[PDB]
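Next up: just one chain, as structure tokens, the form deposited in one PDB entry.
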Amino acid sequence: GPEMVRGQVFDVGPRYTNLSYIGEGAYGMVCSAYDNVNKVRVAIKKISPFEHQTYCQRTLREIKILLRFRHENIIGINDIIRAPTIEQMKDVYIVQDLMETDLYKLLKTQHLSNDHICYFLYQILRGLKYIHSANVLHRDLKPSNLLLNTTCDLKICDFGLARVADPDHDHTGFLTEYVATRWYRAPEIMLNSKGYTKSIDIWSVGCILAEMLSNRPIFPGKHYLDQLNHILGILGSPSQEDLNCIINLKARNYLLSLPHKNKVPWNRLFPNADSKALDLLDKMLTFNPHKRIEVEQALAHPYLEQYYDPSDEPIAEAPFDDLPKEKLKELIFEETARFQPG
């Protein structure tokens, strides 16, 4: 008699019991459950990826990366449940620390004080410093991928779209298709970037900081090129120098074809914000990715002075594919073996 939540079997017993629905997404479904061994409630997510290569790849990145990383501001993996044989394995359950909420839900429902914004932003950047120090790009930072406990400790989650950084192969054509979440996409993704540089993640953090200031997404576009309408609408027209960095003619001529747009001042958009927060926001939401602040610079910014402590902002002990779904199943099976009876 396995437990079932909302019409999905949760085959996680007997260790994990008294399940309750939390939510769902394309990845599968997440529940809370009581862990009878450690005597605490946990989060458990049911993933069913084995029919498609893309879902296999995302599952393997998530598992491999999160098992390698160990950081206070990054969700870990505590346990993985799956069948004892590849043949019988159809689902993978990933057990993780239970959190109270995520920043998406929190922003829908709660005004943050400046002290909360500051502490949240510090933790996002502290976690990101470790990620970037491992030569990894998160590539989908957004409020729903930032988890919060009842004391406002923050953990980054979802490494399914992460990649190893590859700046020498970042260049591409104009309006080239992209997977990561549209409101948090850096302008260069639409122009000339594959999102293989650390600057893509800083842009996303900037968008999250703006969202924390007002409870509303700063660049709520409707489609690939509308996203750029919103960005340019606030930042204003790019400078000559910033255009000279866009060598691709289709992207450059698109930008040249637009009427001049003035910058909207941050302090007019966010009249209640701390002026130091707005100076850091400006540096994160810099059009030219080469001029955009890096994570270690952002941590050292005056806005974060109460928390900044590089000795307590650890890095990874070392830095960190077109395989078919059959071979990816075998690699997920091997990567999850440590959690089986043995």
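Each form is matched to the other, and the largest set of C-alpha atoms that superpose within 1.5 Å is called the rigid core. When you see a residue number, it is the position in the sequence shown, counting from 1.
Although it is not shown, the form deposited in another entry is what the next lines describe.
Following superposition on the rigid core between this form and the one not shown, the residue from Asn248, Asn229, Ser214, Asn78 with a C-alpha displacement of 2 angstroms or more is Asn248, and no other. Taking 2 Å as the criterion, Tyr196 counts as shifted between this form and the one not shown: its C-alpha moves by at least this amount when the rigid core is aligned.
Once both forms are overlaid on the rigid core, the distance between the two CA positions of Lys90 between this form and the one not shown is under 2 angstroms. Core-superposed comparison between this form and the one not shown: CA of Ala165 displaced by 2 Å or more.
Note on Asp168 and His290: their C-alpha atoms are more widely spaced in that other deposited form, a change of at least 3 Å from this conformation. Between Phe174 and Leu137, the Cα spacing is smaller in that other deposited form than in the shown form, differing by no less than 3 Å.
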